[PDB]
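First comes the structure, then the notes that go with it.
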Amino acid sequence: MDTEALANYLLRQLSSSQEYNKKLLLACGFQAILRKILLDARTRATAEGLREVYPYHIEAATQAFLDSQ
Amino acid sequence: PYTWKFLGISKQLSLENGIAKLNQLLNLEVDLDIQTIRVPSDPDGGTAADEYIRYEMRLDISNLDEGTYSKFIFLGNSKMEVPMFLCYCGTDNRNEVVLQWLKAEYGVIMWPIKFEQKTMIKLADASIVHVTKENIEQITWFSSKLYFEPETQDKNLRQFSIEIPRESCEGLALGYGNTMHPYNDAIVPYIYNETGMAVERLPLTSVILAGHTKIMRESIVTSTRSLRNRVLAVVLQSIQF
Amino acid sequence: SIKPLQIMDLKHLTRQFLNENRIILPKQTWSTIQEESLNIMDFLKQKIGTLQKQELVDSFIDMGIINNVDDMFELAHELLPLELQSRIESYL
Amino acid sequence: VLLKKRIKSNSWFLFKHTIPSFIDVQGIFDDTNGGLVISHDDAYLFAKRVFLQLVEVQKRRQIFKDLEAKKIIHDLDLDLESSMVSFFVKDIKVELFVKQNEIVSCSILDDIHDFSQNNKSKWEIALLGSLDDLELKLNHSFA
Amino acid sequence: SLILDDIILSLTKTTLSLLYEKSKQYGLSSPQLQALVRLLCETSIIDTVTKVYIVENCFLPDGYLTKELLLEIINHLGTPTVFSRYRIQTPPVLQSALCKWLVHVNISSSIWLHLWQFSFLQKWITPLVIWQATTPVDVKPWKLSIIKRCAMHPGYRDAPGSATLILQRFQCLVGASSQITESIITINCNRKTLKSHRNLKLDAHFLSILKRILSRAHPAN
Amino acid sequence: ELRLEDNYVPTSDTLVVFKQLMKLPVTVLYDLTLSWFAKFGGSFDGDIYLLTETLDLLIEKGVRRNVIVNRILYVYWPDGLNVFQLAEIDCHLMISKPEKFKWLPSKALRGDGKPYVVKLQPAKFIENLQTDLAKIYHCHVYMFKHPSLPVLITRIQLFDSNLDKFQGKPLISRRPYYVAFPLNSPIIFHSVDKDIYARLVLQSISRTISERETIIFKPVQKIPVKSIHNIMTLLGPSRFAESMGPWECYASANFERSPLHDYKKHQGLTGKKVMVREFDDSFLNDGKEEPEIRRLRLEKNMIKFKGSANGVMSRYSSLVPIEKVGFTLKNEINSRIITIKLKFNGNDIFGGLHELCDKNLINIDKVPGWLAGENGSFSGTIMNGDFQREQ
Amino acid sequence: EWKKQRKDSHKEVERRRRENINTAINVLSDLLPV
Amino acid sequence: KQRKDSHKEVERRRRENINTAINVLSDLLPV
DNA sequence: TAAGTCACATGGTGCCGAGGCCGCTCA
DNA sequence: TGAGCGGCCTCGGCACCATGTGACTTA
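If you're matching them up, the sequences are chains E, A, V, X, B, Y, C and R in order.
According to my numbering, the first sequence holds residues 0 to 68 in order.
According to my numbering, the second sequence holds residues 116 to 356 in order.
According to my numbering, the third sequence holds residues 30 to 121 in order.
According to my numbering, the fourth sequence holds residues 35 to 177 in order.
According to my numbering, the fifth sequence holds residues 132 to 352 in order.
According to my numbering, the sixth sequence holds residues 194 to 584 in order.
According to my numbering, the seventh sequence holds residues -8 to 25 in order.
According to my numbering, the eighth sequence holds residues 29 to 59 in order.
This is the structure in structure tokens:
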């Protein structure tokens, strides 16, 4: 499932070429949010020592992220 | 968990000369070690021409895992039809470069080694007899597990194993008597007498010594960092013509 | 339903990122991030409703992700195929 | 039924048997001489005790099959030991739970508008007893 | 035959049918194939379904494929970038079908590897870069780095399994270029997508058509 | 009121039911449609005889089963299938494909310890089970007799409770739990499930069977076996129970006839052809042996592993295929307990061992009883030469 | 290495301890009725 | 925040069960 | 300092339901 | 040519023993 499929998801959520580029940049930003959140989740899991992450880890990470945003 | 792949060598190659060429080719110094072991020290296993030459080539860079610790072990005896075999652990890509250099420098013919059923039984016999610094041999008992994968029609019997605990194995050995090959003389005849299975005829894929090693038909993987002299010797008599 | 994404969509989306950088996700974490994708999309649409040139890069600077347009088409480099990042570079 | 000698006690044990599970041959064998059996007399006693059960099931099935053969009752269903049965006399579904050569339970199921319930209970009480008595009284009440 | 390039110069419905039947009877020469692909790529008045029907039914070589045909094809497999906007974008389905037709039939290895970074081409570039790698000296750590970087890259579909196939071929080929099986471990571990990638279909009807055309072509060649 | 009647409609996915009816043949679909419309009716309008004529036109039109599946899922019952339909289709799938289901046996011990030969009054048993399980969960139970086997198979289905999920008003079903009742046998076969609902169903079944003295189900085996016919051959009330492997000749009685029979055809008069078996160890020492004595040693292996010279009838397939057995042989060699744990795996353990014996890999003169298939599908410890099963 | 040899010796000691535990468990099971 | 029902948490439970069995066995012993 | 006991955290073998593609396969 | 059942088989979740190493104690 490519990034263009996520752009299709976003356009069907909101419903030419320049708006396609805008939505593609939006999909890239969404992937950046997910990657940063998962990186914070691993950082906190390694801080606690657990090999995997858990829902409370990533909930705390995303609350700390949205606190700054 | 260090798997040893075994390859025979058609010629008695001398490694104390020409290894500087390998050092120059690999841009790193290898730690070649020379030993002269005499494996069948028991009187019933032979008393003459027992000396072997053991080379331990080691691509030494760092010591964290087998990615920088792909050892090479060579064994040789000039009084045999086939005079040399090698076995190497690890998974580094430099090992096949070493094998290619060994071929192209010494002109040797190298083939992979496959173990038969009696060869695997003899290897399980060899891998418990441990040599001590006081020059004595100690049989360390391990709870073996003979593991078979028969091929039957309609896949009727895919696999079956025979688990033998440690104290039962030493009880069988003491029941047979003072012997230095417990599996071939006590364990396997007891299995044949009880269950009717001749394990030297059945397709035997691995015998697993719990916590020490588990040898297979094409590879030997050992928890111990090295391979003892008895296993190397039994492999050397295995490939004879 | 129609607006929430599926679990297999998230596997296909971020499976390689959890593989190159070693991440282990149990099923509870997968369901949690499936729930979180909706919140992230709502927050992104609340922050950026309509799309024009300067406001998106200003918001992404405010997002704390980037510092310039160089970071924009370098982050697009690591998240897009070659034709799409070339098209984005022609757009920026 | 095949009995093998125990290696350490010199007594027979229930090795293999070809008798179905509604006859507790292991319980009968353990009941014979209080567990262990040695002499051939105890083995013959266990054999007779289980052969009586075989006679019971065969005789019960024979009586019910003869009831079917004489056309006194309509189509019936037999289980494996012929204990839980059901049959029609004219159209009344009479189902019986019968123990060894003696009916211990009865149930008249089919209801006719002319048919009552106190006469039904009286018939159910009267139908109890032996199997030959059941055949005789059922042929008596059929006429 | 001369009918084929006569129809080609005429194109510079009836002509399409004549070209189809003369390809099914004779097959085009390498300059004829060059002219045909040059006419097909540059213009866009021809329908795309007819374009893929041509590249799957009309391109039938007779002898050796010359290097100039490959160089002309490579010129058409590019994409418009910030340094080249005058040339029009070749349709991606046409590029994929042309690469599939290439599957049907040291510099060039890097040429095909740098074209492997295209997402839509990955389903047919991989047999070409497998078949190009015939010697242990061909592989290099920069090739491995590019393959791993594009494999673990998101936004792709065929990259994990196909690039795992490429790395498996490289591991089976060189036995050097220090160990890359853990790189295979980092890429997908499903044994299903590359299982479907490791067996590929070449439209055996077209294979039989080319077989009969080539049997009609040169003796002892 | 918490018991579930035979007219409630649950929320079932239409695609799962669509692919579920694909496996059934056309004639059972025909019989099911007429039975369903005779009992419950449907959204389709017409007489029962008119619908019979319509299905008749369908079956001499030779139409595929896909069209009639779409009909019965889209016009006959478009709102949803009733619980009786959902149980009866799955029971018909069980009848059509018995090899896709695994069963676990459990003896019905009672009181002192003597097994209880369970006998069922089916309608009263279903009513009592539904009233007992209605106190805990939303239960629907359906019971039928096998067309071939003498069993009574029940099907217990349990229903549970129920970003903004909009509205469904559902009753989500779980996987059904099957408990098979043979006619007269203490052994009870039930489906393979170890969650709390399976324990609840077995507990309620034990409480509702008894009604006179408390009954507990003790599991006699932990390794599931497929194909309900095979588990009736093994654990059911048949002659083949407790006579397996080399002793299937006694369970089939092919070697002796009645004492009222011809005494010219007796076994002792006509005799049987055998070979001298060498008690000296000569198997390990040893090509193109005589084809008559080769047939005799093949017959010897066949007799040892299947009980009969010709077998119970490729040819290695036993009466019941066994998937997993594990034997723990223990001996006493000079006051030392010596244990050997043999574990097996495959589609047919003793057929594969028979094939290995035919290939001269296992000595047929030294293969013990428990290895030969005696007390089959039972895994246990062999102490003092006596096999006691595990628990 | 020195520390690697120490780790191997401690590994062997722990393996011997685990084998002794398993042997004692097997002996206790041999004395068991069932 | 105790949603951990995986490894390092179920092996700990099994080890604690084995330890409690060993403890009650030693409690039944005179010494 | 060599050896031992300990819980601990990760490695690993076996198992199975779900589901997918394959592998002919037959009309 | 086209739908179609069955062995394969791998995903992965679970279950259990197996295992190597640091912390700590003993001599």
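Idealized CB from N, CA, C, for every residue including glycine.
With respect to the C-alpha of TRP46/X, the residue from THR66/X, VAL35/X, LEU70/X and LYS124/X having the closest C-alpha is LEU70/X. One finds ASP207, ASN208 and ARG209 in chain A with Cβ atoms closer than 8 Å to the Cβ of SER309/B, taken in chain order.
Listed along chain B is no residue with a C-beta nearer than 7 Å to that of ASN97/V; the closest approach is about 18 Å. Looking at the DSSP output, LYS36/R bridges to nothing. The continuous beta strand (DSSP E) containing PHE410/Y extends over residues 408 to 412.
For the stretch 520 to 534 of chain Y, the residues whose beta carbon sits under 9 Å from a beta carbon of chain C are, in order, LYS523, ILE530 and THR532.
By the neighbour-count definition (other C-beta atoms within 10 Å, threshold 16), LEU53/R is an exposed residue. From the listed residues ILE515/Y, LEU214/Y, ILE526/Y and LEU564/Y, the smallest Cα separation to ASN271/A is found for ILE515/Y. The residue from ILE126/X, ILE159/X, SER73/X and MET118/X with its alpha-carbon nearest to that of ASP144/X is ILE126/X.
The Cβ atoms of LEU238/A and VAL154/A lie no closer than 8 Å to each other. Under DSSP, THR118/A forms a beta bridge with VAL336/A. If you draw a straight line from the Cα of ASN208/A to the Cα of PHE249/B, it comes to about 30 Å.
Linking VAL209/Y to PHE56/X through their CA atoms gives a straight-line distance of about 41 Å. Between the alpha carbons of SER259/A and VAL260/B lies a distance of about 48 Å. Beta-bridge annotation (DSSP): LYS124/X is not paired with any residue. The C-alpha of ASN178/A is placed about 28 Å away from the C-alpha of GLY123/A. Of the other Cβ atoms in all chains shown, fewer than 16 fall within 10 Å of the Cβ of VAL4/C; this residue is therefore exposed.
Annotated three-state conformation of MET295/A is coil, per DSSP. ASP58/X has a beta carbon lying within less than 8 Å of a beta carbon in chain Y. Looking from the CA of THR310/A, the closest CA among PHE233/Y, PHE571/Y and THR521/Y belongs to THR521/Y.
For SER436/Y, same chain residues with a beta-carbon under 7 Å away, outside a window of 5 residues either side, are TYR443 and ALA444 in chain order.
Nearest in C-alpha terms to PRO110/V, of all of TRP247/B, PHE301/B and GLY286/B, is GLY286/B. Taking all protein chains in view, the Cβ of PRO272/B is surrounded by fewer than 16 other Cβ atoms within 10 Å, so the residue is classified as exposed. Contact annotation, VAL346/A with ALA241/A: C-beta distance approximately 5 Å; criterion of less than 8 Å satisfied.
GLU51/E belongs to the set of residues whose beta carbon lies under 8 Å from a beta carbon in chain R. Within the same chain, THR183 come within 6 Å of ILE176/A by CB-CB distance, once the 5 residues on both sides are set aside. Among the residues facing chain E, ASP38/V is included, as its CB has a counterpart in that chain under 8 Å away. Within the DSSP secondary-structure output, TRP226/A pairs in a beta bridge with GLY123/A. If you draw a straight line from the Cα of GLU266/A to the Cα of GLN220/B, it comes to about 58 Å. For the stretch 278 to 310 of chain B, the beta-carbon criterion of a distance under 9 Å to any beta-carbon of chain E is satisfied by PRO285, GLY286, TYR287 and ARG288. Residue pairing of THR317/B in beta bridges, as defined by DSSP: absent, with no partner found. Per DSSP, reduced to three states, the secondary structure at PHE318/Y is helical. Considering only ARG340/A, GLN355/A and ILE354/A, the residue with the shortest C-alpha distance to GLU(-8)/C is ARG340/A. C-alpha of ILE149/A to C-alpha of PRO297/A: approximately 31 Å in a straight line.
For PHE277/Y, the closest C-alpha among the options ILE557/Y, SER228/Y and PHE476/Y is that of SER228/Y. If one requires a minimum length of 4 residues, the alpha helix (DSSP H) runs lying completely within the stretch 242 to 303 of chain A are 281 to 291, in chain order.
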